[PDB]
Every structure is written in structure tokens, then in C-alpha cells.
Amino acid sequence: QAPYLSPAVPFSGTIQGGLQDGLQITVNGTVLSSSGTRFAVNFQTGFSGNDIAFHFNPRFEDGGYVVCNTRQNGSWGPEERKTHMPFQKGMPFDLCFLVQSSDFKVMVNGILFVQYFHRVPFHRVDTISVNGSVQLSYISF
Ligand SMILES: CC(=O)N[C@@H]1[C@@H](O)[C@H](O[C@@H]2O[C@H](CO)[C@H](O)[C@H](O)[C@H]2O)[C@@H](CO)O[C@@H]1O
């Protein structure tokens with residue numbers, strides 16, 4: 001699949017073929033100053049945003065932390081949080097999502113940040129969306 005170049009945010013785009021084992025999605029962007037306090041990347045089914053297999057949500061609030069969770073039929077499950085923010089505003093970053101049979105491997109600038117085991121079959125994911133206080137340079141597959 002061709003990369004989405006300079007997509008505007010918010011953004012929603014189809015992931016051709018749907019998520020598949022071995023697929024690596026790269027999200028290159030920059031956290032802005034003066035927008036909001038958080039941004040997110042969502043691996044979802046459809047554009048509704050009601051069913052999100054994997055929600056990666058960095059929050060520049062309360063000291064800085066990232067929320068990882070799944071949303072099924074509009075219902076958010078138990079959150080997984082990490083308190084060591086690997087993001088810095090005004091600095092471009094490479095957010096890499098490696099899809100494996102049992103989990104998502106998430107790397108920030110080549111450094112493994114989190115591991116999220118699939119709560120729902122990843123084959124159900126065909127859409128990636130990004131919103132919040134972030135500017136995108138590109139999304140590659
Ligand atoms: C401490 C705690 O459980 N707080 C939660 C909030 O995180 C939650 O905010 C939502 O969180 C989901 C991901 O779990 C999405 O990021 C969503 O955009 C947030 O609004 C709220 C609402 O569900 O519930 C508690 O406050």
C-alpha cells in the first residue's frame with residue numbers, strides 16, 4: 001500500500017487488505033504546541049470509531065502518560081497506562097506499529113515502548129485514524 005503523505009489531522013484512512021501478521025505501520029508526526037493536550041492513533045474497523053481494536057493515546061497531562069485500550073461497540077475496556085512519556089513537542093517522531101500473531105509491538109524512534117496483546121482479532125481492523133494535538137508528515141505500511 002502506498003503511504004499517506006502529509007495527511008491533515010484529524011485523519012482516517014483505509015488500511016488496504018486489513019491488518020495482517022507481519023505488517024508494520026509507521027506514523028511520522030510532530031506533537032504541536034497550542035492545540036490540545038493529547039493525541040491518538042487508532043486501529044479500528046470502519047470509520048465510525050466505535051470499534052477500536054487498538055487505541056494508542058499519549059496524554060500530555062498530569063505529568064505525561066500514555067493510554068492503551070480497546071473499544072468494542074462503544075465500550076472502553078480496562079486501560080493500560082505507561083507513565084514515561086517518550087514524546088516531546090516540536091520534535092518529529094517515528095511511531096512504529098508491528099502487527100504480530102499475538103500482539104502489537106510499538107516502537108518510538110526505534111525504541112520498543114509498549115506491547116499490546118490483541119483483545120479482538122486484528123483481521124477486523126481495516127482503518128487507521130489519528131486525532132488530537134498532532135501534525136502528521138506521513139503514514140506508511
Ligand atoms: C483513570 C481512568 O480510568 N480514567 C478514565 C479516562 O481515561 C476515560 O477517558 C477516555 O479514555 C478512553 C481510553 O480508555 C479514550 O482515550 C477516550 O477518548 C477518553 O475520553 C474516561 C471516559 O471513558 O473514563 C475515566 O475517566
# chains A, B, ... in the order shown; residues from 1 in each chain; ligands from 1
>>> residues_near_ligand(ligand="ligand 1", cutoff="9 Å", atoms="only C-alpha atoms and all ligand atoms", output="PyMOL selection string")
chain A and resi 38-40+55-59+67-71+75-80
>>> write_last_selection(atoms="N, CA and C atoms", output="compact mmCIF listing (two decimals), in the first residue's frame")
# COMPACT_ATOMS: atom_id res chain seq x y z
N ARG A 38 -3.61 16.14 24.14
CA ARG A 38 -3.46 14.73 23.82
C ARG A 38 -3.75 14.43 22.35
N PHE A 39 -3.25 13.29 21.89
CA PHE A 39 -3.49 12.85 20.52
C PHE A 39 -3.59 11.34 20.57
N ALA A 40 -4.10 10.74 19.50
CA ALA A 40 -4.24 9.29 19.49
C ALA A 40 -4.15 8.70 18.10
N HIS A 55 -6.21 1.43 20.62
CA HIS A 55 -6.22 2.87 20.83
C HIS A 55 -4.92 3.26 21.57
N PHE A 56 -4.04 4.00 20.90
CA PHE A 56 -2.76 4.44 21.47
C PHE A 56 -2.91 5.93 21.71
N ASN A 57 -3.04 6.31 22.98
CA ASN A 57 -3.32 7.69 23.33
C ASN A 57 -2.39 8.42 24.30
N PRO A 58 -1.32 9.06 23.78
CA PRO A 58 -0.37 9.80 24.61
C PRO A 58 -1.09 11.02 25.19
N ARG A 59 -0.92 11.25 26.49
CA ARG A 59 -1.57 12.38 27.12
C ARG A 59 -0.60 13.28 27.88
N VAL A 67 -2.07 6.15 27.24
CA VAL A 67 -3.16 5.22 27.49
C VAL A 67 -3.30 4.27 26.30
N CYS A 68 -3.44 2.98 26.58
CA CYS A 68 -3.65 1.96 25.56
C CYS A 68 -4.93 1.24 25.94
N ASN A 69 -5.83 1.06 25.00
CA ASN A 69 -7.08 0.39 25.34
C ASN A 69 -7.78 -0.10 24.09
N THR A 70 -8.87 -0.83 24.28
CA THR A 70 -9.66 -1.35 23.18
C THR A 70 -11.10 -0.90 23.39
N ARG A 71 -11.79 -0.64 22.29
CA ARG A 71 -13.18 -0.21 22.36
C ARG A 71 -14.05 -1.14 21.53
N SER A 75 -17.81 0.55 23.86
CA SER A 75 -17.41 0.30 25.24
C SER A 75 -15.89 0.18 25.40
N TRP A 76 -15.32 1.04 26.24
CA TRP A 76 -13.88 1.01 26.51
C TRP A 76 -13.59 -0.04 27.58
N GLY A 77 -12.56 -0.85 27.35
CA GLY A 77 -12.21 -1.87 28.32
C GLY A 77 -11.29 -1.29 29.39
N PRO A 78 -10.54 -2.13 30.11
CA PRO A 78 -9.62 -1.65 31.15
C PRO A 78 -8.39 -1.05 30.48
N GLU A 79 -8.00 0.15 30.90
CA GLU A 79 -6.86 0.82 30.29
C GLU A 79 -5.51 0.30 30.77
N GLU A 80 -4.52 0.41 29.90
CA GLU A 80 -3.15 0.05 30.23
C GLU A 80 -2.45 1.40 30.11
>>> closest_atom_pairs(of="stretch 44-127 of chain A", to="stretch 22-34 of chain A", cutoff="9 Å", atoms="only C-alpha atoms", output="CSV")
residue,atom,partner,partner_atom,distance
A:87,CA,A:31,CA,7.7
A:88,CA,A:31,CA,6.9
A:89,CA,A:31,CA,4.6
A:90,CA,A:31,CA,5.8
A:91,CA,A:30,CA,5.7
A:92,CA,A:30,CA,4.4
A:93,CA,A:28,CA,5.6
A:94,CA,A:28,CA,4.7
A:95,CA,A:27,CA,5.0
A:96,CA,A:26,CA,4.5
A:97,CA,A:25,CA,5.0
A:98,CA,A:24,CA,4.3
A:99,CA,A:23,CA,5.3
A:100,CA,A:22,CA,5.6
A:101,CA,A:22,CA,8.1
>>> select_by_dssp(residues="chain A", states="strand (DSSP E or B)", output="NGL selection string")
:A and (4-5 or 11-14 or 24-31 or 38-44 or 52-59 or 65-72 or 75-76 or 80-82 or 92-99 or 103-108 or 111-117 or 127-132 or 134-140)
>>> residues_around(residues="residue A:115", least_positions_apart="3", cutoff="10 Å", atoms="only C-alpha atoms", output="list in words")
residues 68, 97, 98, 102, 103, 104, 105, 106, 107, 112 and 118 of chain A
>>> write_last_selection(atoms="N, CA and C atoms", output="PDB file, in the first residue's frame")
ATOM      1  N   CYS A  68      -3.437   2.982  26.584  1.00  0.00           N
ATOM      2  CA  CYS A  68      -3.646   1.961  25.557  1.00  0.00           C
ATOM      3  C   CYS A  68      -4.927   1.240  25.943  1.00  0.00           C
ATOM      4  N   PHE A  97       4.215   0.571  14.509  1.00  0.00           N
ATOM      5  CA  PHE A  97       3.306  -0.460  14.983  1.00  0.00           C
ATOM      6  C   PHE A  97       3.566  -1.740  14.190  1.00  0.00           C
ATOM      7  N   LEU A  98       4.117  -2.743  14.860  1.00  0.00           N
ATOM      8  CA  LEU A  98       4.392  -4.025  14.219  1.00  0.00           C
ATOM      9  C   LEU A  98       3.297  -5.000  14.621  1.00  0.00           C
ATOM     10  N   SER A 102       0.186 -12.488  18.070  1.00  0.00           N
ATOM     11  CA  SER A 102      -0.333 -12.314  19.423  1.00  0.00           C
ATOM     12  C   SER A 102      -0.431 -10.886  19.943  1.00  0.00           C
ATOM     13  N   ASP A 103       0.293  -9.955  19.330  1.00  0.00           N
ATOM     14  CA  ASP A 103       0.258  -8.589  19.828  1.00  0.00           C
ATOM     15  C   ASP A 103       0.743  -7.539  18.846  1.00  0.00           C
ATOM     16  N   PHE A 104       0.651  -6.288  19.285  1.00  0.00           N
ATOM     17  CA  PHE A 104       1.146  -5.145  18.530  1.00  0.00           C
ATOM     18  C   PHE A 104       2.470  -4.831  19.243  1.00  0.00           C
ATOM     19  N   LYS A 105       3.522  -4.514  18.492  1.00  0.00           N
ATOM     20  CA  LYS A 105       4.802  -4.120  19.091  1.00  0.00           C
ATOM     21  C   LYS A 105       4.878  -2.639  18.744  1.00  0.00           C
ATOM     22  N   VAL A 106       4.980  -1.774  19.747  1.00  0.00           N
ATOM     23  CA  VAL A 106       5.023  -0.343  19.474  1.00  0.00           C
ATOM     24  C   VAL A 106       6.376   0.268  19.765  1.00  0.00           C
ATOM     25  N   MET A 107       6.992   0.831  18.736  1.00  0.00           N
ATOM     26  CA  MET A 107       8.289   1.455  18.910  1.00  0.00           C
ATOM     27  C   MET A 107       8.227   2.949  18.616  1.00  0.00           C
ATOM     28  N   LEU A 112      11.605   0.163  21.529  1.00  0.00           N
ATOM     29  CA  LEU A 112      10.384  -0.518  21.956  1.00  0.00           C
ATOM     30  C   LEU A 112       9.775   0.215  23.152  1.00  0.00           C
ATOM     31  N   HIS A 118      -3.486  -8.588  21.455  1.00  0.00           N
ATOM     32  CA  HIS A 118      -4.793  -8.457  20.822  1.00  0.00           C
ATOM     33  C   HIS A 118      -5.942  -8.871  21.723  1.00  0.00           C
TER      34      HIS A 118
END
>>> atom_distance(atom1="atom CA of residue A:126", atom2="atom CA of residue A:52")
10.4 Å
>>> atom_distance(atom1="atom CA of residue A:16", atom2="atom CA of residue A:138")
15.9 Å
